[PDB]
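In: Structure, please.
(chains A and B)
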Amino acid sequence: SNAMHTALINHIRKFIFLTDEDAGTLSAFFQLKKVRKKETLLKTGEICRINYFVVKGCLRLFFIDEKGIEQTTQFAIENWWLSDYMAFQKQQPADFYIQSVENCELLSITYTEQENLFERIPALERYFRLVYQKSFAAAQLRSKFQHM
Amino acid sequence: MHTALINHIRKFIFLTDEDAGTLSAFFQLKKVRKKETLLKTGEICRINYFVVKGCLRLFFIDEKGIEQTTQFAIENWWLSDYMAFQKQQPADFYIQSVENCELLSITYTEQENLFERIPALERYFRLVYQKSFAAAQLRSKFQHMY
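Out: Residues are numbered from 1 along each chain as shown, chains lettered A, B, ... in the order given. Now the structure:
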């Protein structure tokens, strides 16, 4: 492999069984991306096509409110995933910005590629069931604090 | 056979009639009148609910004693306090029926057994949680603004 693909494969192997062949296959779909702090990866209104795995660093999801003030809705640190998921799944313009908080190392995959990957390596359904279950659990908690 | 639950699942995955029968046996039917509390803050959260009919709400009580509702689940959708559910620990949230409900419930232990017995369901819940997460992101924005 390389360090970034290794990070992703290791994380996946925490949760599911993955052969070496599967690891190569899966890796081909994911692109290495290095960004400096405060680099914008997605803007409100742009078609959202990309899901990010955070190898190193910190991403934030935010929008601009009626006063022109940035409101950050969440972060994603190492081993977490981020996109504007409604826009990603519907293949439509984003509600949110995505921007790096620190220098980051990311792996990126497109919607179409991720859909193919689910078909090719169906074990990944369990990995992403776990990722999304945990992400949603975290979002529920954030709402409690956002309502406080 | 829990017809409503099977129909919903079949919108996302293929499921044999046999596996549908096997899956159904992990779920208990629960009928509850409106305004019945199913979970309280501080109670150990064990149960994930599928709403066959009705509406559940998730809320917490702030330090002024005001109930702050954070989520609803209507027919054909799911609700629990997911952090408490997955960690098998005391709840942050209350769950209460808003209308008279017909529910199907499963415990965390049972649901993990079910994923092992019927692995095709991993895809169903991947999609359920993906959509739930997307909706939660959007709620965060819409609550701030509108």
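
In: Point out the residues in chain A that sit beside chain B.
Out: By the rule CB under 8 Å from any CB of the partner chain, the part of chain A lying against chain B is A:61, A:63, A:65-66, A:71, A:73-74, A:84-86, A:88-89, A:95-96, A:118, A:122, A:125-126, A:128-129, A:132-144, A:146-148. Every residue, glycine included, has its C-beta placed from N, CA and C.

In: Which among those count as buried?
Out: Neighbour-count burial (16 or more other CB atoms under 10 Å in any protein chain shown) is assigned, among the residues of chain A next to chain B, to A:61, A:63, A:71, A:73-74, A:84-86, A:88-89, A:95-96, A:118, A:125-126, A:128-129, A:132-144, A:146.

In: For residue A:79, which three-state class applies?
Out: Of the three states, residue A:79 takes coil under DSSP: H, G, I helix; E, B strand; the rest coil.

In: Provide a list of residues in contact with it.
Out: A:7, A:11, A:53-54 (CB atoms under 8 Å, 6 or more residues apart in numbering or on different chains).

In: Going along the chain, name the helices of chain A.
Out: A:3-13, A:20-29, A:85-90, A:111-120, A:124-146 (DSSP state H).

In: measure stretch A:96-114 end to end?
Out: End-to-end distance for stretch A:96-114: 21 Å, by CA to CA, to the nearest Å.

In: What residues sit buried inside that stretch?
Out: A:96-101, A:104-111, A:113-114.

In: what's the farthest-apart pair in those?
Out: The largest separation in the buried residues of stretch A:96-114, counting by CB to CB, is between A:101 and A:113 at 25.6 Å.

In: circling back to that earlier point, and which of the buried residues of stretch A:96-114 is nearest to chain B?
Out: Nearest to chain B out of those is residue A:96 (CB to the nearest CB; 7.1 Å).

In: Touching, the closest one and residue A:84? I think so.
Out: Yes. Shown here, residue A:96 and residue A:84 form a contact pair, counting by CB atoms under 8 Å, at 4.5 Å.

In: Now do the shared contacts for the two.
Out: Both residue A:96 and residue A:84 are in contact with A:42, A:61, B:137, where contact means CB under 8 Å, 6+ apart.

In: Tell me what the first one is bridged to.
Out: Put plainly, it is residue A:42. Assessed by DSSP bridges, residue A:42 has beta-bridge partners residue A:98.

In: residue contacts, residue A:51?
Out: Neighbour list for residue A:51: A:81-83, A:88, A:108-111, A:114 [criterion: CB under 8 Å, 6+ apart].

In: swap that for residue A:47, please
Out: Taking CB under 8 Å, 6+ apart as the test, what residue A:47 contacts is A:87, A:91-94.

In: cool, residue A:66 as well?
Out: By CB under 8 Å, 6+ apart, the residues touching residue A:66 are residue B:145.

In: before we move on, what about residue A:18?
Out: Contact analysis of residue A:18 by CB under 8 Å, 6+ apart lists A:9, A:12, A:26, A:121, A:123.

In: is it true that the last one touches residue A:22?
Out: Yes. With contacts counted by CB under 8 Å, residue A:123 reaches residue A:22, the gap being 7.4 Å.

In: With adjacent residues omitted, what lies nearest to residue A:30?
Out: In space, residue A:30 comes closest to residue A:107 once its chain neighbours are excluded; the distance is 4.2 Å by CB to CB, 6 or more residues apart in numbering or on different chains.

In: is it true that that neighbour touches residue A:50?
Out: No. Using CB under 8 Å, residue A:107 makes no contact with residue A:50, being 10.4 Å away.

In: Could you report the neighbour count for residue A:24?
Out: 12 (other CB atoms under 10 Å in any protein chain shown).

In: ok, now the one 3 residues further on?
Out: Other residues lying near residue A:27 total 18 when counted by other CB under 10 Å.

In: How about residue A:120?
Out: Burial of residue A:120 is recorded as 12 neighbouring residues (other CB under 10 Å).

In: thinking again about what came up before, could you single out the nearest of the contacts of residue A:47 to chain B?
Out: For the contacts of residue A:47, the nearest to chain B is residue A:87 (8.3 Å; CB to the nearest CB).
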